[PDB]
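Chemist: Could you have a look at this structure, given as structure tokens, before my questions?
Neighbour counts are summed over all protein chains in view; Cβ atoms, including those assigned to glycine, are modelled from backbone coordinates with ideal geometry. Bear in mind these aren't lab numbers, they're just calculated from the coordinates by the rules spelled out.
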Amino acid sequence: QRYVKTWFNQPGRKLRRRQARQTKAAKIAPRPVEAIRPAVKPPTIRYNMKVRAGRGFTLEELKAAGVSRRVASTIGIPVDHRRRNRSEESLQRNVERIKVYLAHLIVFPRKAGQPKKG
Amino acid sequence: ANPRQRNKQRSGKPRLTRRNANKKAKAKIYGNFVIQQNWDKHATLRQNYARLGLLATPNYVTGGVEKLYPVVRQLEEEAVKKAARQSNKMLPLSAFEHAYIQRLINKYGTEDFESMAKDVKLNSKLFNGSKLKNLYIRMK
Amino acid sequence: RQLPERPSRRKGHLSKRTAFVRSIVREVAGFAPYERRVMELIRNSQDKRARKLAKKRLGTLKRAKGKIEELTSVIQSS
RNA sequence: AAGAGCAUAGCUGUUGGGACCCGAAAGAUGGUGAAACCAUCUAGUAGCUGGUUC
RNA sequence: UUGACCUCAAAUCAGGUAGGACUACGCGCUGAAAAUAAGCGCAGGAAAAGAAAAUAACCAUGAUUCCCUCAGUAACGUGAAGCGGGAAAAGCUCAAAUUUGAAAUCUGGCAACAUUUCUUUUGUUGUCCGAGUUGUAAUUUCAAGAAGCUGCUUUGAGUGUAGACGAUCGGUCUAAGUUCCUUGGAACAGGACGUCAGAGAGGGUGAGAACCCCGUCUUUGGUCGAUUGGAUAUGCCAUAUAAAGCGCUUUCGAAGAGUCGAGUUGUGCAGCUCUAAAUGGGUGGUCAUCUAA
């Protein structure tokens, strides 16, 4: 029962993180605070009946959904080069996760580079 | 207590008083001008996002929501406006290319893009057929 | 769903060059003390004594096995 | 065999933390002198002595 | 007789850098009567860890760290981990493949030209010497990829100006009794009569002061600055003879060694003895999973 961890900074850690959320999105307004995560099945027998947020959409999920790896991280769609679709169920649950995302997305135009000649 | 903090307790030099604390350090918004006008410097960020019609997060909220009782259109028209102003992605041909494709088309007809590619003298750069059409359509 | 091959699992198959580069070094470098002793025992056909010597040197049977056919093929080519 | 618990607060008991307060002979580390000394470990060790407040 | 190099020196050579301090938290190493204390080395505002030589046995998960849970369980009084819930999220770079139709690369000297928290800072351009082919750039990193063919979609390591918007440093602006009566050295006290309040926090003033004074509220702000962050509008240049994503393939796909590992020894790592391979190797339960050095 030596050195103790005492949580008197729990209420101030609650606000420190709230202000960090406030500081972050204020820097990147139009875009959401967080990325979209996929929906994945937990890897056990106690938990395979539930759905939970994944780490990102695999290469094939984005390929069928219509975004390539390079343009999918710009618009905020994390990729997961580890995860892979072993069954058509997970493919369809996450392909139509990006479908609703790409419908609700307003990609603002950037600045182009136009050389004087061709 | 430490000698260091006893130094400026028994010293005569005034401190470096730095006035920083602000209750409710709600950070004001920069970035997009549209949102910066229609921000509420009092309400919270998740209220403001839902007020404007912007999804704060696409993923489920890991706690409670706020139940007190039992801009998006502007962003859309602004978006399609800029896409219209910066739309002419077509590029002309430089004077070199203007001659480069003309000499190829003046001698291999106009549609035999496989023949021009096989040419060894006029097609010095060894441009593939896909780029030859690209330079063709770019001329018009 | 069948899955396209992940290019990491391709690892260790072989190459036409990496095999060729390994063949040249085998000839150029020569042979280690123990490989010289093992090779002589094959020529004298004391293979059972030869193979048991290899396992003592390397440590495992498959490693000891694999080196034997490397040397025997070298013998036939020579 | 027609489920009674779960949480919290209080009282008391007990076990462990310095553990009601004080107190024993050694030791260990790292030093300073020429085995001794110094600051740490250290509130070391108690089966025992003394005290323990209307 | 003259020269290439290779290795090695010297210089108060031109320009640089290291040491010591602090040590709450960091990373090592050493280590007692707890992997503790003490000792030793080394850093930063965090350090370390970190994009799987990872779990699992599923309908599978998917860098790291941290919190809760797992759980006082498992294994052997010590004391896990995966899964589960959360906080945060971001990915990437080399070596190994001929730029071979062109070392395309870089340090330095001088010369200029700008820029500046800044005469203190930071570069660009030219030019000469060298570095470098025993390999500096471009390309590629296994998630791949290269080379062809194809046809669609994309592009600035620019520089001024302007305004809005946040960030910091300093200066600056702020409502209303000090009216009477008694006490007293003193009215900040008692009573009477009034005011202010987005200000009745606190302090000072000759005793309990919202109205004497400093402040407090306004301020989640006005004002003059001084530097700046990132976007927006607009101007001027731009190497685009280019570079990049994705279809397709009658082509290919390089992947880290005295290291893995076997024997023994000291407490996973380390020492000694020996010493590998290429669908190979590692780790799990013939399959699965990962692809170290």
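Chemist: Given the DSSP H assignment, sum -39500 (n - 2.57) over each helix run of at least 4 residues in chain C and divide by its residue total; what's the result at 222 nm in deg cm²/dmol, nearest 500?
Modeler: For chain C, the value works out to -22000 deg cm²/dmol.
Chemist: Percent relative contact order of chain C, based on C-alpha pairs within less than 8 angstrom and at least six residues apart?
Modeler: This gives 20 percent for chain C.
Chemist: Over all residues in A:27-40, what is the mean tally of Cβ atoms on other chains that come within 10 Å of each residue's Cβ?
Modeler: Counting other chains' Cβ atoms within 10 Å and averaging over A:27-40 gives 5.
Chemist: Enter the mean projected area of the convex hull around the alpha-carbon atoms of chain C, in nm², rounded to one decimal.
Modeler: 7.6
Chemist: Something else about it: Hey, can you rank C:57-65, C:37-45 by average C-beta count inside 10 Å, highest first?
Modeler: Taking the mean over residues of other Cβ atoms within 10 Å, the ranking is C:37-45, C:57-65.
Chemist: Considering only the other residues whose Cβ falls under 15 Å of the Cβ of A:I106, what net charge follows from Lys and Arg at +1 and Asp and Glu at -1?
Modeler: Charge balance near A:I106 sits at +2.
Chemist: Please report, to one decimal in angstroms, the Kirkwood hydrodynamic radius of the stretch B:49-108 built from all distinct Cα-Cα pairs.
Modeler: One decimal place: 17.5 Å for the Kirkwood radius.
Chemist: Decide, for the stretch B:7-81, between rounded, prolate and oblate: order the square roots of the alpha carbon gyration tensor eigenvalues as a ≥ b ≥ c, take rounded if a/c falls under 1.5, and otherwise choose prolate if a/b is larger than b/c, else oblate.
Modeler: Verdict is prolate for the stretch B:7-81.
Chemist: Next question. How long are the three semi-axes of the equivalent ellipsoid of chain B, in whole Å, if each is the root of 5 times an eigenvalue of the C-alpha gyration tensor, listed from largest down?
Modeler: Three semi-axes, in Å: 65, 30, 15.
Chemist: Another one. For the stretch A:83-116 and the stretch B:13-86, what is the centre-to-centre distance using only Cα atoms, to the nearest Å?
Modeler: So the two Cα centres are separated by 24 Å.
Chemist: Relative to the first principal axis of the alpha-carbon coordinates of chain C, what is the inclination of helix C:16-29, with its axis defined by its Cα atoms, in degrees from 0 to 90 and to the nearest 10?
Modeler: It is inclined by approximately 20 degrees.
Chemist: Could you compute the net charge surrounding C:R36? Neighbours are other residues with a C-beta less than 13 Å from the C-beta of C:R36; K and R count +1, D and E count -1.
Modeler: Overall, the nearby charge balance is +2.
Chemist: OK, next. Give me the one-decimal Kirkwood hydrodynamic radius in Å for the protein assembly as shown, with the sum taken over alpha-carbon pairs.
Modeler: Radius from the Kirkwood sum: 29.7 Å.
Chemist: Taking K and R as +1 and D and E as -1, what net charge do the other residues with C-beta under 12 Å from the C-beta of A:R82 add up to?
Modeler: Every neighbour counted, the sum reads +3.
Chemist: Please list C:70-77, B:43-50 highest first by mean number of surrounding beta-carbon atoms within 10 Å per residue.
Modeler: B:43-50, C:70-77
Chemist: Averaged over its residues, how many other protein chain Cβ atoms are within 10 Å of peptide A:15-26's Cβ atoms?
Modeler: 5
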